[PDB]
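Enquirer: Next up, entry.cif (mmCIF, C-alpha atoms; chains and numbers go by the auth columns).
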data_final
loop_
_atom_site.group_PDB
_atom_site.id
_atom_site.type_symbol
_atom_site.label_atom_id
_atom_site.label_comp_id
_atom_site.label_asym_id
_atom_site.label_seq_id
_atom_site.Cartn_x
_atom_site.Cartn_y
_atom_site.Cartn_z
_atom_site.B_iso_or_equiv
_atom_site.auth_seq_id
_atom_site.auth_asym_id
ATOM 1 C CA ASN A 1 153.630 69.132 97.420 0.00 1 A
ATOM 2 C CA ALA A 2 152.143 68.622 100.935 0.00 2 A
ATOM 3 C CA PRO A 3 148.392 67.766 100.427 0.00 3 A
ATOM 4 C CA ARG A 4 145.729 69.149 102.793 0.00 4 A
ATOM 5 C CA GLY A 5 142.904 67.714 100.651 0.00 5 A
ATOM 6 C CA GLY A 6 142.599 64.597 102.771 0.00 6 A
ATOM 7 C CA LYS A 7 143.035 60.950 101.872 0.00 7 A
ATOM 8 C CA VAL A 8 142.012 58.552 99.136 0.00 8 A
ATOM 9 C CA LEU A 9 141.716 54.983 100.527 0.00 9 A
ATOM 10 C CA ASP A 10 142.252 51.769 98.567 0.00 10 A
ATOM 11 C CA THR A 11 141.053 48.218 99.176 0.00 11 A
ATOM 12 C CA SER A 12 144.255 46.930 100.801 0.00 12 A
ATOM 13 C CA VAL A 13 144.167 49.449 103.681 0.00 13 A
ATOM 14 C CA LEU A 14 140.430 48.904 104.372 0.00 14 A
ATOM 15 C CA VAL A 15 141.045 45.132 104.341 0.00 15 A
ATOM 16 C CA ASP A 16 144.019 45.570 106.709 0.00 16 A
ATOM 17 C CA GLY A 17 141.608 47.415 109.046 0.00 17 A
ATOM 18 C CA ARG A 18 144.162 49.366 111.101 0.00 18 A
ATOM 19 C CA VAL A 19 143.599 52.640 109.235 0.00 19 A
ATOM 20 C CA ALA A 20 140.404 52.895 111.306 0.00 20 A
ATOM 21 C CA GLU A 21 142.218 52.918 114.640 0.00 21 A
ATOM 22 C CA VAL A 22 144.893 55.340 113.265 0.00 22 A
ATOM 23 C CA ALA A 23 142.102 57.826 112.309 0.00 23 A
ATOM 24 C CA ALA A 24 140.362 57.504 115.692 0.00 24 A
ATOM 25 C CA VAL A 25 143.584 58.218 117.449 0.00 25 A
ATOM 26 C CA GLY A 26 143.903 61.448 115.373 0.00 26 A
ATOM 27 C CA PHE A 27 146.715 60.685 112.881 0.00 27 A
ATOM 28 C CA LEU A 28 144.634 60.457 109.701 0.00 28 A
ATOM 29 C CA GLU A 29 143.318 63.835 108.827 0.00 29 A
ATOM 30 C CA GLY A 30 140.297 63.971 106.502 0.00 30 A
ATOM 31 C CA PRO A 31 138.329 64.396 104.411 0.00 31 A
ATOM 32 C CA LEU A 32 138.401 60.666 103.678 0.00 32 A
ATOM 33 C CA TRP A 33 137.462 59.554 100.161 0.00 33 A
ATOM 34 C CA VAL A 34 136.797 56.109 98.925 0.00 34 A
ATOM 35 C CA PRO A 35 136.252 55.455 95.204 0.00 35 A
ATOM 36 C CA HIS A 36 133.042 53.729 94.140 0.00 36 A
ATOM 37 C CA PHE A 37 135.167 50.929 92.558 0.00 37 A
ATOM 38 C CA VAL A 38 136.915 50.163 95.862 0.00 38 A
ATOM 39 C CA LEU A 39 133.535 49.607 97.422 0.00 39 A
ATOM 40 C CA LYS A 40 132.510 47.718 94.263 0.00 40 A
ATOM 41 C CA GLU A 41 135.555 45.527 94.976 0.00 41 A
ATOM 42 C CA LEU A 42 134.813 44.915 98.684 0.00 42 A
ATOM 43 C CA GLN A 43 131.258 43.712 97.814 0.00 43 A
ATOM 44 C CA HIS A 44 132.470 41.544 94.896 0.00 44 A
ATOM 45 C CA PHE A 45 134.657 39.919 97.615 0.00 45 A
ATOM 46 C CA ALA A 46 131.761 39.928 100.141 0.00 46 A
ATOM 47 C CA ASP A 47 129.577 38.118 97.568 0.00 47 A
ATOM 48 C CA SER A 48 131.984 35.143 97.606 0.00 48 A
ATOM 49 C CA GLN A 49 130.910 31.637 98.702 0.00 49 A
ATOM 50 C CA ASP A 50 134.629 31.253 99.629 0.00 50 A
ATOM 51 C CA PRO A 51 134.749 32.166 103.362 0.00 51 A
ATOM 52 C CA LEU A 52 138.230 33.693 103.143 0.00 52 A
ATOM 53 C CA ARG A 53 137.323 36.203 100.415 0.00 53 A
ATOM 54 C CA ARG A 54 133.914 36.737 102.077 0.00 54 A
ATOM 55 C CA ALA A 55 135.495 37.477 105.436 0.00 55 A
ATOM 56 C CA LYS A 56 137.805 40.083 103.911 0.00 56 A
ATOM 57 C CA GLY A 57 135.196 41.927 101.824 0.00 57 A
ATOM 58 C CA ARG A 58 133.189 41.889 105.074 0.00 58 A
ATOM 59 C CA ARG A 59 136.250 43.280 106.817 0.00 59 A
ATOM 60 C CA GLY A 60 136.882 46.159 104.393 0.00 60 A
ATOM 61 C CA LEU A 61 133.283 47.316 104.954 0.00 61 A
ATOM 62 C CA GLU A 62 133.385 47.296 108.726 0.00 62 A
ATOM 63 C CA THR A 63 136.548 49.482 108.466 0.00 63 A
ATOM 64 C CA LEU A 64 134.521 51.959 106.354 0.00 64 A
ATOM 65 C CA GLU A 65 131.672 52.012 108.882 0.00 65 A
ATOM 66 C CA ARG A 66 134.163 52.699 111.704 0.00 66 A
ATOM 67 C CA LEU A 67 135.904 55.465 109.771 0.00 67 A
ATOM 68 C CA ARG A 68 132.527 57.237 109.297 0.00 68 A
ATOM 69 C CA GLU A 69 132.827 57.769 113.062 0.00 69 A
ATOM 70 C CA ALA A 70 136.306 59.359 113.399 0.00 70 A
ATOM 71 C CA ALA A 71 135.864 61.582 110.366 0.00 71 A
ATOM 72 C CA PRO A 72 133.628 62.673 107.474 0.00 72 A
ATOM 73 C CA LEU A 73 133.910 59.890 104.916 0.00 73 A
ATOM 74 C CA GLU A 74 132.441 60.182 101.450 0.00 74 A
ATOM 75 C CA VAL A 75 132.167 57.816 98.503 0.00 75 A
ATOM 76 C CA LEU A 76 133.345 59.079 95.119 0.00 76 A
ATOM 77 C CA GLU A 77 131.017 58.038 92.319 0.00 77 A
ATOM 78 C CA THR A 78 132.835 60.478 90.031 0.00 78 A
ATOM 79 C CA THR A 79 135.935 58.846 88.484 0.00 79 A
ATOM 80 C CA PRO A 80 136.695 59.688 84.837 0.00 80 A
ATOM 81 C CA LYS A 81 140.455 59.309 84.169 0.00 81 A
ATOM 82 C CA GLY A 82 142.315 55.958 84.000 0.00 82 A
ATOM 83 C CA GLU A 83 141.701 52.289 83.065 0.00 83 A
ATOM 84 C CA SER A 84 143.284 50.168 85.839 0.00 84 A
ATOM 85 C CA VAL A 85 142.396 50.578 89.534 0.00 85 A
ATOM 86 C CA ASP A 86 145.901 51.890 90.341 0.00 86 A
ATOM 87 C CA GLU A 87 145.746 54.499 87.538 0.00 87 A
ATOM 88 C CA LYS A 88 142.351 55.805 88.697 0.00 88 A
ATOM 89 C CA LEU A 89 143.481 56.209 92.318 0.00 89 A
ATOM 90 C CA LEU A 90 146.470 58.277 91.201 0.00 90 A
ATOM 91 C CA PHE A 91 144.628 60.921 89.138 0.00 91 A
ATOM 92 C CA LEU A 92 141.985 60.919 91.876 0.00 92 A
ATOM 93 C CA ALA A 93 144.670 61.860 94.447 0.00 93 A
ATOM 94 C CA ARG A 94 146.097 64.639 92.206 0.00 94 A
ATOM 95 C CA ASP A 95 142.600 66.025 91.485 0.00 95 A
ATOM 96 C CA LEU A 96 141.613 66.420 95.135 0.00 96 A
ATOM 97 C CA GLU A 97 145.173 67.177 96.259 0.00 97 A
ATOM 98 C CA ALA A 98 144.833 64.303 98.738 0.00 98 A
ATOM 99 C CA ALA A 99 147.291 61.603 99.651 0.00 99 A
ATOM 100 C CA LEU A 100 146.790 57.952 98.744 0.00 100 A
ATOM 101 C CA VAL A 101 146.496 55.537 101.636 0.00 101 A
ATOM 102 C CA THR A 102 147.495 52.063 100.585 0.00 102 A
ATOM 103 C CA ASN A 103 149.607 49.027 101.538 0.00 103 A
ATOM 104 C CA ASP A 104 149.918 47.991 97.898 0.00 104 A
ATOM 105 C CA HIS A 105 153.565 47.626 96.810 0.00 105 A
ATOM 106 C CA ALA A 106 153.023 48.314 93.093 0.00 106 A
ATOM 107 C CA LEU A 107 150.756 51.300 93.771 0.00 107 A
ATOM 108 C CA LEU A 108 153.259 52.820 96.250 0.00 108 A
ATOM 109 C CA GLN A 109 155.886 52.552 93.430 0.00 109 A
ATOM 110 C CA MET A 110 153.659 54.154 90.762 0.00 110 A
ATOM 111 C CA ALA A 111 152.955 56.992 93.215 0.00 111 A
ATOM 112 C CA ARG A 112 156.671 57.717 93.813 0.00 112 A
ATOM 113 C CA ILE A 113 157.122 57.919 90.009 0.00 113 A
ATOM 114 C CA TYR A 114 154.051 60.168 89.594 0.00 114 A
ATOM 115 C CA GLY A 115 155.121 62.213 92.692 0.00 115 A
ATOM 116 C CA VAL A 116 151.789 61.565 94.491 0.00 116 A
ATOM 117 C CA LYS A 117 152.103 61.505 98.284 0.00 117 A
ATOM 118 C CA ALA A 118 151.078 57.992 99.447 0.00 118 A
ATOM 119 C CA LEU A 119 150.722 56.762 103.012 0.00 119 A
ATOM 120 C CA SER A 120 151.423 53.162 103.943 0.00 120 A
ATOM 121 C CA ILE A 121 149.909 51.625 107.078 0.00 121 A
ATOM 122 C CA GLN A 122 152.462 48.792 107.020 0.00 122 A
ATOM 123 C CA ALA A 123 155.361 51.351 106.730 0.00 123 A
ATOM 124 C CA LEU A 124 153.839 53.223 109.638 0.00 124 A
ATOM 125 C CA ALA A 125 153.576 49.963 111.620 0.00 125 A
ATOM 126 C CA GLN A 126 157.152 48.887 110.927 0.00 126 A
ATOM 127 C CA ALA A 127 158.440 52.317 112.089 0.00 127 A
ATOM 128 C CA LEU A 128 156.717 51.906 115.476 0.00 128 A
ATOM 129 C CA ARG A 129 157.686 48.240 116.107 0.00 129 A
ATOM 130 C CA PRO A 130 159.223 47.252 119.424 0.00 130 A
ATOM 131 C CA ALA B 1 138.723 68.405 113.997 0.00 1 B
ATOM 132 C CA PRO B 2 141.622 71.008 114.442 0.00 2 B
ATOM 133 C CA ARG B 3 143.010 72.252 111.101 0.00 3 B
ATOM 134 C CA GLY B 4 145.752 74.441 112.665 0.00 4 B
ATOM 135 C CA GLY B 5 148.630 71.945 112.894 0.00 5 B
ATOM 136 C CA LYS B 6 150.479 70.203 115.765 0.00 6 B
ATOM 137 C CA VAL B 7 152.062 71.639 118.949 0.00 7 B
ATOM 138 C CA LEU B 8 154.927 69.396 120.152 0.00 8 B
ATOM 139 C CA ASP B 9 156.027 69.324 123.776 0.00 9 B
ATOM 140 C CA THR B 10 159.335 68.281 125.326 0.00 10 B
ATOM 141 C CA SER B 11 158.363 64.671 126.064 0.00 11 B
ATOM 142 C CA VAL B 12 157.311 63.891 122.499 0.00 12 B
ATOM 143 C CA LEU B 13 160.669 65.203 121.164 0.00 13 B
ATOM 144 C CA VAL B 14 162.691 63.191 123.703 0.00 14 B
ATOM 145 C CA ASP B 15 160.694 60.059 122.882 0.00 15 B
ATOM 146 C CA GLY B 16 161.803 60.516 119.213 0.00 16 B
ATOM 147 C CA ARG B 17 159.263 58.240 117.432 0.00 17 B
ATOM 148 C CA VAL B 18 157.240 61.272 116.238 0.00 18 B
ATOM 149 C CA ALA B 19 160.211 61.724 113.858 0.00 19 B
ATOM 150 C CA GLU B 20 159.613 58.202 112.459 0.00 20 B
ATOM 151 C CA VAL B 21 155.878 59.053 112.074 0.00 21 B
ATOM 152 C CA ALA B 22 156.433 62.305 110.182 0.00 22 B
ATOM 153 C CA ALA B 23 158.996 60.748 107.823 0.00 23 B
ATOM 154 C CA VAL B 24 156.386 58.228 106.617 0.00 24 B
ATOM 155 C CA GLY B 25 153.728 60.895 106.152 0.00 25 B
ATOM 156 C CA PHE B 26 151.367 60.611 109.135 0.00 26 B
ATOM 157 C CA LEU B 27 152.209 63.820 110.998 0.00 27 B
ATOM 158 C CA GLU B 28 150.616 66.580 108.998 0.00 28 B
ATOM 159 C CA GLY B 29 151.804 70.114 109.795 0.00 29 B
ATOM 160 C CA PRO B 30 152.255 72.928 110.340 0.00 30 B
ATOM 161 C CA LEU B 31 154.381 71.937 113.349 0.00 31 B
ATOM 162 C CA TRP B 32 154.839 74.310 116.254 0.00 32 B
ATOM 163 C CA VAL B 33 157.418 74.150 118.948 0.00 33 B
ATOM 164 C CA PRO B 34 157.186 76.625 121.793 0.00 34 B
ATOM 165 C CA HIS B 35 160.416 78.522 122.676 0.00 35 B
ATOM 166 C CA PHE B 36 160.301 77.092 126.239 0.00 36 B
ATOM 167 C CA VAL B 37 160.394 73.547 124.783 0.00 37 B
ATOM 168 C CA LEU B 38 163.467 74.381 122.686 0.00 38 B
ATOM 169 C CA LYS B 39 165.024 76.212 125.722 0.00 39 B
ATOM 170 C CA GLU B 40 164.401 73.102 127.872 0.00 40 B
ATOM 171 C CA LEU B 41 166.026 70.721 125.416 0.00 41 B
ATOM 172 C CA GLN B 42 169.060 73.048 125.313 0.00 42 B
ATOM 173 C CA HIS B 43 169.180 73.065 129.157 0.00 43 B
ATOM 174 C CA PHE B 44 169.168 69.234 129.133 0.00 44 B
ATOM 175 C CA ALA B 45 172.026 69.013 126.540 0.00 45 B
ATOM 176 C CA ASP B 46 174.102 71.462 128.574 0.00 46 B
ATOM 177 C CA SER B 47 173.563 69.595 131.895 0.00 47 B
ATOM 178 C CA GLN B 48 176.411 68.020 133.957 0.00 48 B
ATOM 179 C CA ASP B 49 174.481 64.768 134.142 0.00 49 B
ATOM 180 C CA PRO B 50 175.138 62.430 131.166 0.00 50 B
ATOM 181 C CA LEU B 51 171.523 61.189 131.129 0.00 51 B
ATOM 182 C CA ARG B 52 169.990 64.652 130.996 0.00 52 B
ATOM 183 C CA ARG B 53 172.444 65.316 128.145 0.00 53 B
ATOM 184 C CA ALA B 54 171.282 62.246 126.220 0.00 54 B
ATOM 185 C CA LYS B 55 167.553 63.284 126.522 0.00 55 B
ATOM 186 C CA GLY B 56 168.476 66.801 125.386 0.00 56 B
ATOM 187 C CA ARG B 57 170.444 65.536 122.410 0.00 57 B
ATOM 188 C CA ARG B 58 167.733 63.058 121.480 0.00 58 B
ATOM 189 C CA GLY B 59 165.021 65.785 121.492 0.00 59 B
ATOM 190 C CA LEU B 60 167.246 68.221 119.571 0.00 60 B
ATOM 191 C CA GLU B 61 168.013 65.411 117.112 0.00 61 B
ATOM 192 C CA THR B 62 164.248 64.735 116.727 0.00 62 B
ATOM 193 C CA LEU B 63 163.536 68.393 116.128 0.00 63 B
ATOM 194 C CA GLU B 64 166.029 68.525 113.225 0.00 64 B
ATOM 195 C CA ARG B 65 164.456 65.417 111.607 0.00 65 B
ATOM 196 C CA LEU B 66 160.980 66.974 111.845 0.00 66 B
ATOM 197 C CA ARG B 67 162.230 70.181 110.229 0.00 67 B
ATOM 198 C CA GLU B 68 163.100 67.873 107.308 0.00 68 B
ATOM 199 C CA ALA B 69 159.766 66.021 107.173 0.00 69 B
ATOM 200 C CA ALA B 70 157.608 69.205 107.250 0.00 70 B
ATOM 201 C CA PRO B 71 157.431 73.001 107.926 0.00 71 B
ATOM 202 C CA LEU B 72 158.257 73.721 111.565 0.00 72 B
ATOM 203 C CA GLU B 73 158.229 77.012 113.442 0.00 73 B
ATOM 204 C CA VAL B 74 159.442 77.813 116.944 0.00 74 B
ATOM 205 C CA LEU B 75 156.900 80.174 118.600 0.00 75 B
ATOM 206 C CA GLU B 76 158.888 82.540 120.717 0.00 76 B
ATOM 207 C CA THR B 77 156.420 83.997 123.201 0.00 77 B
ATOM 208 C CA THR B 78 153.499 82.563 125.142 0.00 78 B
ATOM 209 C CA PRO B 79 151.405 84.613 127.599 0.00 79 B
ATOM 210 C CA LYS B 80 148.402 82.302 128.227 0.00 80 B
ATOM 211 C CA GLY B 81 148.775 80.020 131.266 0.00 81 B
ATOM 212 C CA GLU B 82 150.809 79.656 134.419 0.00 82 B
ATOM 213 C CA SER B 83 152.304 76.149 134.307 0.00 83 B
ATOM 214 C CA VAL B 84 154.079 74.457 131.340 0.00 84 B
ATOM 215 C CA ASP B 85 150.939 72.271 130.934 0.00 85 B
ATOM 216 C CA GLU B 86 148.607 75.280 130.716 0.00 86 B
ATOM 217 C CA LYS B 87 150.980 77.107 128.356 0.00 87 B
ATOM 218 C CA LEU B 88 150.950 74.136 125.986 0.00 88 B
ATOM 219 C CA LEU B 89 147.168 73.705 126.248 0.00 89 B
ATOM 220 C CA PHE B 90 146.241 77.347 125.700 0.00 90 B
ATOM 221 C CA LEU B 91 148.743 77.645 122.874 0.00 91 B
ATOM 222 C CA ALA B 92 147.276 74.616 121.069 0.00 92 B
ATOM 223 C CA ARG B 93 143.749 76.140 121.587 0.00 93 B
ATOM 224 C CA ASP B 94 144.855 79.554 120.312 0.00 94 B
ATOM 225 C CA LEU B 95 146.335 77.974 117.152 0.00 95 B
ATOM 226 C CA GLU B 96 143.440 75.538 116.779 0.00 96 B
ATOM 227 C CA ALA B 97 146.141 72.898 116.696 0.00 97 B
ATOM 228 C CA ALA B 98 146.258 69.458 118.333 0.00 98 B
ATOM 229 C CA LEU B 99 148.798 68.939 121.146 0.00 99 B
ATOM 230 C CA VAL B 100 151.208 66.008 120.500 0.00 100 B
ATOM 231 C CA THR B 101 152.723 64.562 123.656 0.00 101 B
ATOM 232 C CA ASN B 102 154.189 61.478 125.327 0.00 102 B
ATOM 233 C CA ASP B 103 153.039 62.687 128.735 0.00 103 B
ATOM 234 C CA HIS B 104 150.047 60.585 129.910 0.00 104 B
ATOM 235 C CA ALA B 105 148.913 63.110 132.480 0.00 105 B
ATOM 236 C CA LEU B 106 149.023 66.038 130.069 0.00 106 B
ATOM 237 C CA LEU B 107 146.794 63.957 127.712 0.00 107 B
ATOM 238 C CA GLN B 108 144.204 63.821 130.503 0.00 108 B
ATOM 239 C CA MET B 109 144.599 67.562 131.180 0.00 109 B
ATOM 240 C CA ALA B 110 143.880 68.332 127.490 0.00 110 B
ATOM 241 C CA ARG B 111 140.609 66.317 127.864 0.00 111 B
ATOM 242 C CA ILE B 112 139.721 68.538 130.897 0.00 112 B
ATOM 243 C CA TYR B 113 140.545 71.757 129.022 0.00 113 B
ATOM 244 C CA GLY B 114 138.725 70.530 125.874 0.00 114 B
ATOM 245 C CA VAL B 115 141.947 70.559 123.766 0.00 115 B
ATOM 246 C CA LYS B 116 142.650 67.917 121.138 0.00 116 B
ATOM 247 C CA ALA B 117 145.729 65.921 122.012 0.00 117 B
ATOM 248 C CA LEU B 118 147.557 63.112 120.268 0.00 118 B
ATOM 249 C CA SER B 119 149.575 60.306 121.796 0.00 119 B
ATOM 250 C CA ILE B 120 152.412 58.507 120.008 0.00 120 B
ATOM 251 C CA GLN B 121 151.849 55.591 122.413 0.00 121 B
ATOM 252 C CA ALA B 122 148.151 55.322 121.443 0.00 122 B
ATOM 253 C CA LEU B 123 149.267 55.437 117.828 0.00 123 B
ATOM 254 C CA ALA B 124 151.684 52.476 118.394 0.00 124 B
ATOM 255 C CA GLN B 125 148.781 50.523 119.931 0.00 125 B
ATOM 256 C CA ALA B 126 146.464 51.238 116.986 0.00 126 B
ATOM 257 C CA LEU B 127 149.106 49.551 114.828 0.00 127 B
ATOM 258 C CA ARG B 128 148.716 46.111 116.355 0.00 128 B
ATOM 259 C CA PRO B 129 147.725 43.839 113.354 0.00 129 B
ATOM 260 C CA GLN B 130 144.023 42.754 113.464 0.00 130 B
ATOM 261 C CA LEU B 131 141.779 39.944 111.958 0.00 131 B
#
For this file, produce the structure as structure tokens.

Expert:
Amino acid sequence: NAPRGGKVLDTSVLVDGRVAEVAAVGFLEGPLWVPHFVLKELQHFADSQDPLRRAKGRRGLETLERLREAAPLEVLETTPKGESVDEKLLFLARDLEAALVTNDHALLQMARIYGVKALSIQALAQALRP
Amino acid sequence: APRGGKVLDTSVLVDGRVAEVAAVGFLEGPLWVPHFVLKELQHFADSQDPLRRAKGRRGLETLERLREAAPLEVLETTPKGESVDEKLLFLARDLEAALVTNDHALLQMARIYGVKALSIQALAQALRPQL
């Protein structure tokens, strides 16, 4: 299973921010999909009076805006299967035949067990370290 | 925009990191290696000079690792172009693939020819932690 259906992005990678530069440099082939709930999460963070959580919801969003430059990015309103965030991302990735893009340790594990391709920005980074 | 895969030159194979990139999922195929690139790596490995041999081995080693990470085909005839640069550029255009290279100057040449080209070194820079 080698998915040409693009990429489903989670909160962690948008908060990390680097996915945006990886796309622009040509190593993140689209289409790029973000679930409605991920966005719902970045604004629940953005709506914080706590500057730390504010400044990271704010950050996820800027990453989105910058991605909508490198590539077609589209928000998925349509998510039917699954109860937890991790579970919804997985069936989402199988449905579109797209890879997950996430730094999340538990989600990367669930994906190996499901056999869903998942791309980790941190694993990419640690491969290219000096 | 190119949906036709990734043409790999000699320099990217000798650099080796493209093998790290593919094995973590960020080098989507199909992967194409021109015959002249494979011929050149073989010519390095067979050289009298221990340092040419090491580059040759390293690129050959990288090629085998890529063949594990994704589907890879050696394309065994090019007619478009006169220099190695041109051959790589026209081939990538013909395949609607991106060129992947370590060679700074070839990256600029691709810009001039209107061919998409990817740099492992620009990727490594994108991966500087932010915020």

Enquirer: Report, as AutoDock Vina command-line options, the axis-aligned box around all atoms of segment 54-69 of chain B present in the file, extended by 4 Å on each side; give centre and edge lengths in Å to one decimal place.

Expert:
--center_x 165.5 --center_y 66.2 --center_z 116.8 --size_x 19.5 --size_y 15.9 --size_z 27.3

Enquirer: Care to translate the PyMOL selection byres ((chain B) within 12 of (chain A)) into actual residues of this file, as a ChimeraX atom specification?

Expert: /B:1-6,15-30,69-71,97-100,116-131

Enquirer: Run the PyMOL selection byres ((chain A and resi 81) around 12) on the file and write out the hits as a short mmCIF file (atom, residue, chain, number, x, y, z; two decimals) with C-alpha atoms, in the frame of the given file.

Expert:
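Listing of out.cif after writing:
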data_model
loop_
_atom_site.label_atom_id
_atom_site.label_comp_id
_atom_site.auth_asym_id
_atom_site.auth_seq_id
_atom_site.Cartn_x
_atom_site.Cartn_y
_atom_site.Cartn_z
CA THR A 78 132.84 60.48 90.03
CA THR A 79 135.94 58.85 88.48
CA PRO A 80 136.70 59.69 84.84
CA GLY A 82 142.32 55.96 84.00
CA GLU A 83 141.70 52.29 83.06
CA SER A 84 143.28 50.17 85.84
CA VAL A 85 142.40 50.58 89.53
CA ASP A 86 145.90 51.89 90.34
CA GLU A 87 145.75 54.50 87.54
CA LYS A 88 142.35 55.80 88.70
CA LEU A 89 143.48 56.21 92.32
CA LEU A 90 146.47 58.28 91.20
CA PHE A 91 144.63 60.92 89.14
CA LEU A 92 141.99 60.92 91.88
CA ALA A 93 144.67 61.86 94.45
CA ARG A 94 146.10 64.64 92.21
CA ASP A 95 142.60 66.03 91.48
#

Enquirer: What is the distance between atom CA of residue 62 of chain A and atom CA of residue 12 of chain A, in Å to one decimal?

Expert: 13.5 Å

Enquirer: Find the spatial neighbours of residue 91 of chain B, counting only C-alpha atoms, within a cut-off of 9 Å - ignore same-chain residues fewer than 4 positions away - and output them as a compact mmCIF listing (two decimals) with C-alpha atoms, in the frame of the given file.

Expert:
# COMPACT_ATOMS: atom_id res chain seq x y z
CA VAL B 7 152.06 71.64 118.95
CA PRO B 34 157.19 76.62 121.79
CA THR B 78 153.50 82.56 125.14
CA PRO B 79 151.40 84.61 127.60
CA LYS B 80 148.40 82.30 128.23
CA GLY B 81 148.78 80.02 131.27
CA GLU B 86 148.61 75.28 130.72
CA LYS B 87 150.98 77.11 128.36
CA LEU B 95 146.34 77.97 117.15
CA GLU B 96 143.44 75.54 116.78
CA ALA B 97 146.14 72.90 116.70
CA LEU B 99 148.80 68.94 121.15

Enquirer: Can you tell me, as a list in words, what residues are no more than 9 Å from residue 104 of chain A when counting all atoms listed in the file, ignoring any on the same chain fewer than 2 positions away?

Expert: residues 10, 11, 12, 13, 102, 106, 107, 108, 109 and 120 of chain A

Enquirer: How far is it from atom CA of residue 44 of chain A to atom CA of residue 75 of chain A, in Å with one decimal?

Expert: 16.7 Å

Enquirer: Just how far from atom CA of residue 89 of chain B is atom CA of residue 113 of chain B, in Å to one decimal?

Expert: 7.4 Å

Enquirer: Decode the PyMOL selection byres ((chain B and resi 55) around 10) for the given file into explicit residues and return them as a ChimeraX atom specification.

Expert: /B:10-11,13-16,41-42,44-45,50-54,56-61
